[PDB]
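Text of data38.cif, listed as mmCIF, N, CA and C atoms:
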data_query
loop_
_atom_site.label_atom_id
_atom_site.label_comp_id
_atom_site.auth_asym_id
_atom_site.auth_seq_id
_atom_site.Cartn_x
_atom_site.Cartn_y
_atom_site.Cartn_z
N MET A 1 2.32 -5.65 18.85
CA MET A 1 1.61 -6.93 18.57
C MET A 1 0.11 -6.74 18.81
N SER A 2 -0.70 -7.58 18.16
CA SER A 2 -2.17 -7.52 18.29
C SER A 2 -2.77 -8.90 18.02
N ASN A 3 -3.89 -9.19 18.66
CA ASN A 3 -4.56 -10.48 18.49
C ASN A 3 -5.02 -10.66 17.04
N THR A 4 -5.65 -9.61 16.48
CA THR A 4 -6.16 -9.63 15.10
C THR A 4 -5.58 -8.46 14.30
N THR A 5 -5.05 -8.72 13.10
CA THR A 5 -4.48 -7.64 12.24
C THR A 5 -4.87 -7.89 10.78
N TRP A 6 -5.47 -6.89 10.13
CA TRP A 6 -5.89 -7.03 8.73
C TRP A 6 -4.73 -7.48 7.86
N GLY A 7 -3.80 -6.56 7.58
CA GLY A 7 -2.65 -6.90 6.75
C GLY A 7 -1.81 -7.99 7.39
N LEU A 8 -0.62 -8.21 6.84
CA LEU A 8 0.29 -9.24 7.36
C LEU A 8 0.59 -8.98 8.85
N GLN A 9 0.77 -10.08 9.60
CA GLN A 9 1.04 -10.00 11.04
C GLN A 9 2.45 -9.47 11.28
N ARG A 10 2.58 -8.14 11.36
CA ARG A 10 3.89 -7.49 11.60
C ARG A 10 3.70 -6.30 12.55
N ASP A 11 4.60 -6.19 13.55
CA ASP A 11 4.58 -5.09 14.53
C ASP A 11 5.93 -4.37 14.54
N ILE A 12 6.73 -4.64 13.51
CA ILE A 12 8.05 -3.99 13.34
C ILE A 12 7.78 -2.52 12.94
N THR A 13 8.83 -1.74 12.60
CA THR A 13 8.64 -0.31 12.22
C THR A 13 7.44 -0.15 11.26
N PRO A 14 7.44 -0.77 10.10
CA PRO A 14 6.27 -0.71 9.17
C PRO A 14 5.11 -1.53 9.75
N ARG A 15 4.43 -1.00 10.77
CA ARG A 15 3.34 -1.73 11.43
C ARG A 15 2.01 -1.45 10.74
N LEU A 16 2.06 -0.65 9.67
CA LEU A 16 0.87 -0.31 8.87
C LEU A 16 1.01 -0.92 7.48
N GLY A 17 -0.06 -1.57 7.01
CA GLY A 17 -0.09 -2.21 5.68
C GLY A 17 -1.41 -1.90 4.98
N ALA A 18 -1.65 -2.56 3.86
CA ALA A 18 -2.87 -2.34 3.09
C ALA A 18 -2.95 -3.35 1.94
N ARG A 19 -3.20 -4.62 2.26
CA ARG A 19 -3.27 -5.67 1.23
C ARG A 19 -4.59 -5.56 0.45
N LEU A 20 -4.51 -5.43 -0.88
CA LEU A 20 -5.70 -5.32 -1.74
C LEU A 20 -6.02 -6.70 -2.31
N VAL A 21 -7.31 -6.92 -2.61
CA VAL A 21 -7.78 -8.19 -3.19
C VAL A 21 -8.02 -7.99 -4.69
N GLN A 22 -7.55 -8.95 -5.49
CA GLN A 22 -7.70 -8.90 -6.95
C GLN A 22 -9.12 -9.32 -7.34
N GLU A 23 -9.69 -8.64 -8.33
CA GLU A 23 -11.04 -8.94 -8.81
C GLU A 23 -11.37 -8.08 -10.04
N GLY A 24 -11.53 -8.72 -11.20
CA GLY A 24 -11.82 -8.00 -12.43
C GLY A 24 -10.60 -7.21 -12.85
N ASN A 25 -10.81 -6.05 -13.49
CA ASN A 25 -9.69 -5.21 -13.95
C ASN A 25 -9.44 -4.06 -12.96
N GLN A 26 -10.07 -4.14 -11.78
CA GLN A 26 -9.93 -3.11 -10.73
C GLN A 26 -9.71 -3.79 -9.38
N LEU A 27 -9.13 -3.06 -8.43
CA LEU A 27 -8.86 -3.57 -7.08
C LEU A 27 -9.78 -2.90 -6.06
N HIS A 28 -10.40 -3.70 -5.19
CA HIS A 28 -11.32 -3.17 -4.18
C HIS A 28 -10.57 -2.74 -2.92
N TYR A 29 -10.61 -1.43 -2.60
CA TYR A 29 -9.97 -0.90 -1.39
C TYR A 29 -11.06 -0.69 -0.32
N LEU A 30 -11.01 -1.52 0.73
CA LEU A 30 -11.98 -1.48 1.83
C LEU A 30 -11.41 -0.64 3.00
N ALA A 31 -12.05 0.49 3.28
CA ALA A 31 -11.61 1.37 4.36
C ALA A 31 -11.65 0.66 5.72
N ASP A 32 -12.69 -0.13 5.93
CA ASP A 32 -12.87 -0.86 7.19
C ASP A 32 -11.79 -1.92 7.36
N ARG A 33 -10.99 -2.14 6.31
CA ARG A 33 -9.91 -3.14 6.32
C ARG A 33 -8.54 -2.45 6.31
N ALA A 34 -8.22 -1.77 7.40
CA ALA A 34 -6.93 -1.09 7.54
C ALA A 34 -6.79 -0.59 8.98
N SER A 35 -5.62 -0.02 9.29
CA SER A 35 -5.32 0.49 10.64
C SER A 35 -4.64 1.85 10.54
N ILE A 36 -4.92 2.75 11.49
CA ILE A 36 -4.30 4.09 11.48
C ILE A 36 -3.26 4.16 12.61
N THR A 37 -2.13 4.83 12.33
CA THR A 37 -1.03 5.00 13.29
C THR A 37 -0.69 6.48 13.42
N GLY A 38 -0.25 6.90 14.61
CA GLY A 38 0.10 8.30 14.83
C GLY A 38 -1.13 9.20 14.79
N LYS A 39 -1.01 10.33 14.09
CA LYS A 39 -2.11 11.30 13.98
C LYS A 39 -1.77 12.37 12.93
N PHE A 40 -2.75 12.68 12.08
CA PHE A 40 -2.63 13.69 11.02
C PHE A 40 -3.55 14.87 11.35
N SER A 41 -2.97 16.07 11.41
CA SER A 41 -3.73 17.28 11.70
C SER A 41 -4.73 17.57 10.59
N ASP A 42 -5.63 18.52 10.85
CA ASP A 42 -6.63 18.91 9.87
C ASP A 42 -5.97 19.48 8.61
N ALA A 43 -4.72 19.95 8.73
CA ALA A 43 -3.99 20.51 7.57
C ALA A 43 -3.15 19.42 6.88
N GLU A 44 -3.04 18.24 7.53
CA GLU A 44 -2.25 17.10 6.99
C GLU A 44 -3.19 16.01 6.46
N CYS A 45 -4.35 15.87 7.08
CA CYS A 45 -5.35 14.89 6.66
C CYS A 45 -5.77 15.12 5.19
N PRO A 46 -6.33 16.27 4.85
CA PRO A 46 -6.76 16.56 3.43
C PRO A 46 -5.59 16.47 2.45
N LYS A 47 -4.44 17.03 2.83
CA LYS A 47 -3.26 17.02 1.96
C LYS A 47 -2.81 15.58 1.68
N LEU A 48 -2.91 14.69 2.68
CA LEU A 48 -2.49 13.28 2.49
C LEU A 48 -3.57 12.51 1.73
N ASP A 49 -4.84 12.82 2.01
CA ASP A 49 -5.97 12.12 1.37
C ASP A 49 -5.95 12.32 -0.15
N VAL A 50 -5.53 13.50 -0.61
CA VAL A 50 -5.48 13.77 -2.06
C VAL A 50 -4.25 13.10 -2.69
N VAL A 51 -3.25 12.77 -1.87
CA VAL A 51 -2.03 12.09 -2.35
C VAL A 51 -2.28 10.57 -2.46
N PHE A 52 -3.22 10.05 -1.68
CA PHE A 52 -3.54 8.61 -1.71
C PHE A 52 -3.91 8.15 -3.15
N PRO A 53 -4.91 8.72 -3.80
CA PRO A 53 -5.30 8.30 -5.19
C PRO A 53 -4.13 8.40 -6.18
N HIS A 54 -3.19 9.32 -5.93
CA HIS A 54 -2.04 9.47 -6.84
C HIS A 54 -1.23 8.17 -6.88
N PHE A 55 -0.91 7.64 -5.69
CA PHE A 55 -0.17 6.38 -5.60
C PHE A 55 -1.02 5.21 -6.10
N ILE A 56 -2.31 5.18 -5.75
CA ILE A 56 -3.18 4.07 -6.19
C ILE A 56 -3.36 4.13 -7.70
N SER A 57 -3.48 5.34 -8.25
CA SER A 57 -3.65 5.52 -9.70
C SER A 57 -2.54 4.78 -10.47
N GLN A 58 -1.37 4.63 -9.83
CA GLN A 58 -0.24 3.93 -10.46
C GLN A 58 -0.36 2.41 -10.30
N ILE A 59 -0.79 1.94 -9.11
CA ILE A 59 -0.91 0.49 -8.87
C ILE A 59 -1.84 -0.15 -9.90
N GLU A 60 -3.01 0.45 -10.10
CA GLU A 60 -3.97 -0.09 -11.07
C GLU A 60 -3.30 -0.28 -12.45
N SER A 61 -2.33 0.60 -12.76
CA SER A 61 -1.59 0.54 -14.04
C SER A 61 -0.41 -0.45 -13.97
N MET A 62 0.24 -0.57 -12.81
CA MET A 62 1.41 -1.46 -12.66
C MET A 62 1.07 -2.88 -13.11
N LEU A 63 -0.10 -3.37 -12.73
CA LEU A 63 -0.49 -4.73 -13.10
C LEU A 63 -0.62 -4.86 -14.62
N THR A 64 -1.00 -3.76 -15.28
CA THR A 64 -1.16 -3.74 -16.74
C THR A 64 0.14 -3.34 -17.42
N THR A 65 0.60 -2.13 -17.15
CA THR A 65 1.82 -1.61 -17.74
C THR A 65 3.05 -2.40 -17.27
N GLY A 66 3.09 -2.75 -15.98
CA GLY A 66 4.21 -3.51 -15.43
C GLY A 66 4.07 -4.98 -15.81
N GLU A 67 3.00 -5.27 -16.55
CA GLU A 67 2.72 -6.63 -17.00
C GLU A 67 2.68 -7.59 -15.81
N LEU A 68 1.47 -7.92 -15.33
CA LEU A 68 1.33 -8.84 -14.19
C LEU A 68 1.50 -10.29 -14.67
N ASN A 69 2.31 -11.07 -13.95
CA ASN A 69 2.58 -12.46 -14.32
C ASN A 69 3.13 -13.25 -13.11
N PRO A 70 2.30 -13.88 -12.30
CA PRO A 70 2.80 -14.69 -11.13
C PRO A 70 3.95 -15.63 -11.54
N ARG A 71 5.20 -15.19 -11.28
CA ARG A 71 6.40 -15.97 -11.65
C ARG A 71 7.43 -15.95 -10.53
N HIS A 72 7.67 -14.75 -10.00
CA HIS A 72 8.66 -14.56 -8.93
C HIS A 72 8.49 -13.19 -8.28
N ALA A 73 8.92 -13.10 -7.02
CA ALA A 73 8.83 -11.86 -6.25
C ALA A 73 9.76 -10.80 -6.84
N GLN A 74 9.32 -9.54 -6.79
CA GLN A 74 10.12 -8.42 -7.32
C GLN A 74 9.79 -7.13 -6.56
N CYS A 75 10.71 -6.73 -5.67
CA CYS A 75 10.52 -5.52 -4.86
C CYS A 75 10.81 -4.27 -5.69
N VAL A 76 9.90 -3.28 -5.64
CA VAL A 76 10.05 -2.02 -6.39
C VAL A 76 9.85 -0.84 -5.44
N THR A 77 10.72 0.17 -5.51
CA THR A 77 10.62 1.37 -4.65
C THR A 77 10.29 2.59 -5.51
N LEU A 78 9.08 3.13 -5.34
CA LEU A 78 8.62 4.32 -6.09
C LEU A 78 8.81 5.57 -5.24
N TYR A 79 8.95 6.73 -5.89
CA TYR A 79 9.13 8.01 -5.17
C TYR A 79 8.36 9.13 -5.88
N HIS A 80 7.48 9.82 -5.15
CA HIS A 80 6.69 10.92 -5.71
C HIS A 80 6.25 11.87 -4.60
N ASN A 81 6.29 13.18 -4.86
CA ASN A 81 5.88 14.18 -3.87
C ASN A 81 6.64 13.99 -2.55
N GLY A 82 7.89 13.57 -2.66
CA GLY A 82 8.75 13.35 -1.49
C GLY A 82 8.41 12.04 -0.78
N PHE A 83 7.14 11.62 -0.87
CA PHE A 83 6.70 10.37 -0.25
C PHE A 83 7.13 9.18 -1.11
N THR A 84 7.39 8.03 -0.47
CA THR A 84 7.82 6.81 -1.18
C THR A 84 7.04 5.60 -0.66
N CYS A 85 6.33 4.89 -1.56
CA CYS A 85 5.54 3.69 -1.19
C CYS A 85 6.26 2.44 -1.70
N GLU A 86 6.25 1.33 -0.94
CA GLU A 86 6.91 0.08 -1.38
C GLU A 86 5.84 -0.94 -1.78
N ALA A 87 6.07 -1.66 -2.89
CA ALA A 87 5.11 -2.66 -3.39
C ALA A 87 5.85 -3.91 -3.87
N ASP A 88 5.18 -5.07 -3.80
CA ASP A 88 5.78 -6.34 -4.24
C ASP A 88 4.70 -7.40 -4.43
N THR A 89 4.92 -8.33 -5.37
CA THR A 89 3.94 -9.41 -5.64
C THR A 89 4.26 -10.65 -4.79
N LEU A 90 5.47 -10.71 -4.22
CA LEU A 90 5.90 -11.86 -3.42
C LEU A 90 5.83 -13.15 -4.26
N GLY A 91 5.52 -13.01 -5.55
CA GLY A 91 5.41 -14.15 -6.46
C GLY A 91 4.09 -14.87 -6.24
N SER A 92 3.18 -14.21 -5.50
CA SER A 92 1.86 -14.77 -5.21
C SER A 92 0.93 -14.66 -6.42
N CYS A 93 0.02 -15.63 -6.54
CA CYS A 93 -0.95 -15.68 -7.64
C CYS A 93 -2.25 -14.94 -7.29
N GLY A 94 -2.50 -13.81 -7.96
CA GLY A 94 -3.72 -13.04 -7.74
C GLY A 94 -3.73 -12.36 -6.37
N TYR A 95 -2.56 -11.84 -5.96
CA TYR A 95 -2.43 -11.12 -4.68
C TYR A 95 -1.21 -10.20 -4.74
N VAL A 96 -1.36 -8.99 -4.20
CA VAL A 96 -0.28 -7.99 -4.17
C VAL A 96 -0.27 -7.30 -2.80
N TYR A 97 0.78 -7.53 -2.00
CA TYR A 97 0.87 -6.90 -0.67
C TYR A 97 1.59 -5.57 -0.79
N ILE A 98 0.98 -4.47 -0.29
CA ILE A 98 1.61 -3.13 -0.36
C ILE A 98 1.59 -2.46 1.01
N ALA A 99 2.50 -1.50 1.20
CA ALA A 99 2.60 -0.77 2.46
C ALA A 99 3.16 0.63 2.21
N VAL A 100 2.69 1.58 3.03
CA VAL A 100 3.08 2.99 2.94
C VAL A 100 3.66 3.46 4.29
N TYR A 101 4.81 4.15 4.22
CA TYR A 101 5.50 4.67 5.41
C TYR A 101 5.97 6.11 5.12
N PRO A 102 5.18 7.13 5.40
CA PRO A 102 5.59 8.54 5.13
C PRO A 102 6.95 8.87 5.77
N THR A 103 7.77 9.64 5.05
CA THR A 103 9.08 10.03 5.56
C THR A 103 8.92 11.01 6.72
N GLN A 104 9.63 10.76 7.82
CA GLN A 104 9.54 11.62 9.00
C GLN A 104 10.31 12.93 8.76
N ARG A 105 11.61 12.81 8.51
CA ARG A 105 12.46 13.98 8.28
C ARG A 105 12.02 14.71 7.01
#

If you convert what's in this file into structure tokens, what do you get?
Amino acid sequence: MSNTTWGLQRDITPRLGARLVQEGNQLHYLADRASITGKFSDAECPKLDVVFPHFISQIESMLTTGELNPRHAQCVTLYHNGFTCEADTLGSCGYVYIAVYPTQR
């Protein structure tokens, strides 16, 4: 638990989130608006940093290709490079809450 938390107020297993704000045909990702958990070595930091744009490169398209339309919530589970990110619109208008949880095993 924490007094102030950027993403949704959750301290369960997925205690890390990354809610993006809608604006124009692109989404603004603010580094100062997130939290870090655990620790990534110098050999894991660069390798993970290059994987980040891969997953985001798809989100920017999901709203277009997946046809964005505030109507109802729809949970989708993607899988790439062994890593799996979860995304959902929650049926919210002009808002998409997303979260990443790297596989341990």

Which is closer to residue A:96 than all the others in A:41, A:20, A:27, A:82, using all atoms listed in the file? A:20

Could you name the residues that touch residue A:34 at 6.5 Å or less, counting all atoms listed in the file, but leaving out those on the same chain fewer than 6 positions away, as a CSV table (one decimal) with N, CA and C atoms, in the coordinates of the input?
chain,number,residue,atom,x,y,z
A,6,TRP,N,-5.5,-6.9,10.1
A,6,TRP,CA,-5.9,-7.0,8.7
A,6,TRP,C,-4.7,-7.5,7.9
A,7,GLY,N,-3.8,-6.6,7.6
A,7,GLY,CA,-2.6,-6.9,6.8
A,7,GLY,C,-1.8,-8.0,7.4
A,17,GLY,N,-0.1,-1.6,7.0
A,17,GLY,CA,-0.1,-2.2,5.7
A,17,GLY,C,-1.4,-1.9,5.0
A,18,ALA,N,-1.6,-2.6,3.9
A,18,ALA,CA,-2.9,-2.3,3.1
A,18,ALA,C,-3.0,-3.4,1.9

Can you list, as a short mmCIF file (atom, residue, chain, number, x, y, z; two decimals) with N, CA and C atoms, in the coordinates of the input, every protein, DNA or RNA residue that comes within 12 Å of residue A:56 when you count only C-alpha atoms, leaving out same-chain residues fewer than 4 positions away?
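Saved result, result.cif, follows:
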data_model
loop_
_atom_site.label_atom_id
_atom_site.label_comp_id
_atom_site.auth_asym_id
_atom_site.auth_seq_id
_atom_site.Cartn_x
_atom_site.Cartn_y
_atom_site.Cartn_z
N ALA A 18 -1.65 -2.56 3.86
CA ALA A 18 -2.87 -2.34 3.09
C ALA A 18 -2.95 -3.35 1.94
N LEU A 20 -4.51 -5.43 -0.88
CA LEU A 20 -5.70 -5.32 -1.74
C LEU A 20 -6.02 -6.70 -2.31
N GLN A 26 -10.07 -4.14 -11.78
CA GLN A 26 -9.93 -3.11 -10.73
C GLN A 26 -9.71 -3.79 -9.38
N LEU A 27 -9.13 -3.06 -8.43
CA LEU A 27 -8.86 -3.57 -7.08
C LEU A 27 -9.78 -2.90 -6.06
N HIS A 28 -10.40 -3.70 -5.19
CA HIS A 28 -11.32 -3.17 -4.18
C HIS A 28 -10.57 -2.74 -2.92
N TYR A 29 -10.61 -1.43 -2.60
CA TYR A 29 -9.97 -0.90 -1.39
C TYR A 29 -11.06 -0.69 -0.32
N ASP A 49 -4.84 12.82 2.01
CA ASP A 49 -5.97 12.12 1.37
C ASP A 49 -5.95 12.32 -0.15
N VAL A 50 -5.53 13.50 -0.61
CA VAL A 50 -5.48 13.77 -2.06
C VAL A 50 -4.25 13.10 -2.69
N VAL A 51 -3.25 12.77 -1.87
CA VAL A 51 -2.03 12.09 -2.35
C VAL A 51 -2.28 10.57 -2.46
N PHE A 52 -3.22 10.05 -1.68
CA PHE A 52 -3.54 8.61 -1.71
C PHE A 52 -3.91 8.15 -3.15
N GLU A 60 -3.01 0.45 -10.10
CA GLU A 60 -3.97 -0.09 -11.07
C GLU A 60 -3.30 -0.28 -12.45
N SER A 61 -2.33 0.60 -12.76
CA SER A 61 -1.59 0.54 -14.04
C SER A 61 -0.41 -0.45 -13.97
N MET A 62 0.24 -0.57 -12.81
CA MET A 62 1.41 -1.46 -12.66
C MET A 62 1.07 -2.88 -13.11
N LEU A 63 -0.10 -3.37 -12.73
CA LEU A 63 -0.49 -4.73 -13.10
C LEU A 63 -0.62 -4.86 -14.62
N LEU A 78 9.08 3.13 -5.34
CA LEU A 78 8.62 4.32 -6.09
C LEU A 78 8.81 5.57 -5.24
N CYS A 85 6.33 4.89 -1.56
CA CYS A 85 5.54 3.69 -1.19
C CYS A 85 6.26 2.44 -1.70
N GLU A 86 6.25 1.33 -0.94
CA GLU A 86 6.91 0.08 -1.38
C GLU A 86 5.84 -0.94 -1.78
N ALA A 87 6.07 -1.66 -2.89
CA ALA A 87 5.11 -2.66 -3.39
C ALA A 87 5.85 -3.91 -3.87
N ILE A 98 0.98 -4.47 -0.29
CA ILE A 98 1.61 -3.13 -0.36
C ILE A 98 1.59 -2.46 1.01
N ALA A 99 2.50 -1.50 1.20
CA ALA A 99 2.60 -0.77 2.46
C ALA A 99 3.16 0.63 2.21
N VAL A 100 2.69 1.58 3.03
CA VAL A 100 3.08 2.99 2.94
C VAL A 100 3.66 3.46 4.29
#

Please compute the atom N of residue A:36-atom C of residue A:13 distance, one decimal, in Å. 12.7 Å

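The coordinates place atom C of residue A:32 at 29.1 Å from atom N of residue A:72.
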
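DSSP secondary structure from the backbone places residues 45, 46, 47, 48, 49, 50, 51, 52, 53, 54, 55, 56, 57, 58, 59 and 60 of chain A of stretch 21-60 of chain A in alpha helix (DSSP H).
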
Write out as a ChimeraX atom specification the set of residues from chain A that DSSP, computed on the backbone, places in strand (DSSP E). /A:20-23,26-28,76-77,85-88,95-100

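Here atom CA of residue A:76 is placed at a distance of 22.3 Å from atom CA of residue A:23.
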
Write out as a list in words each polymer residue whose atoms come within 7 Å of residue A:75, counting only N, CA and C atoms; drop sequence neighbours fewer than 5 positions from it.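 Contacts, in chain order: residues 87, 88, 89 and 90 of chain A.
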
Atoms to include: N, CA and C atoms. Write the selected residues as an mmCIF file, keeping the file's coordinate frame.
data_model
loop_
_atom_site.group_PDB
_atom_site.id
_atom_site.type_symbol
_atom_site.label_atom_id
_atom_site.label_comp_id
_atom_site.auth_asym_id
_atom_site.auth_seq_id
_atom_site.Cartn_x
_atom_site.Cartn_y
_atom_site.Cartn_z
ATOM 1 N N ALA A 87 6.070 -1.660 -2.890
ATOM 2 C CA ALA A 87 5.110 -2.660 -3.390
ATOM 3 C C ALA A 87 5.850 -3.910 -3.870
ATOM 4 N N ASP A 88 5.180 -5.070 -3.800
ATOM 5 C CA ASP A 88 5.780 -6.340 -4.240
ATOM 6 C C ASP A 88 4.700 -7.400 -4.430
ATOM 7 N N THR A 89 4.920 -8.330 -5.370
ATOM 8 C CA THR A 89 3.940 -9.410 -5.640
ATOM 9 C C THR A 89 4.260 -10.650 -4.790
ATOM 10 N N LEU A 90 5.470 -10.710 -4.220
ATOM 11 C CA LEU A 90 5.900 -11.860 -3.420
ATOM 12 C C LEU A 90 5.830 -13.150 -4.260
#

As a PyMOL selection string, please: the residues near residue A:102 (cut-off 7 Å, only C-alpha atoms, same-chain neighbours under 2 positions excluded). chain A and resi 83-84+100+104

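The shortest atom-to-atom distance to residue A:103, with only C-alpha atoms taken into account, belongs to A:14 out of A:59, A:42, A:14, A:65.
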
Run through the PyMOL selection byres ((chain A and resi 94) around 8) on the given coordinates and return the selected residues as a list in words. residues 20, 21, 22, 23, 69, 70, 91, 92, 93, 95, 96 and 97 of chain A
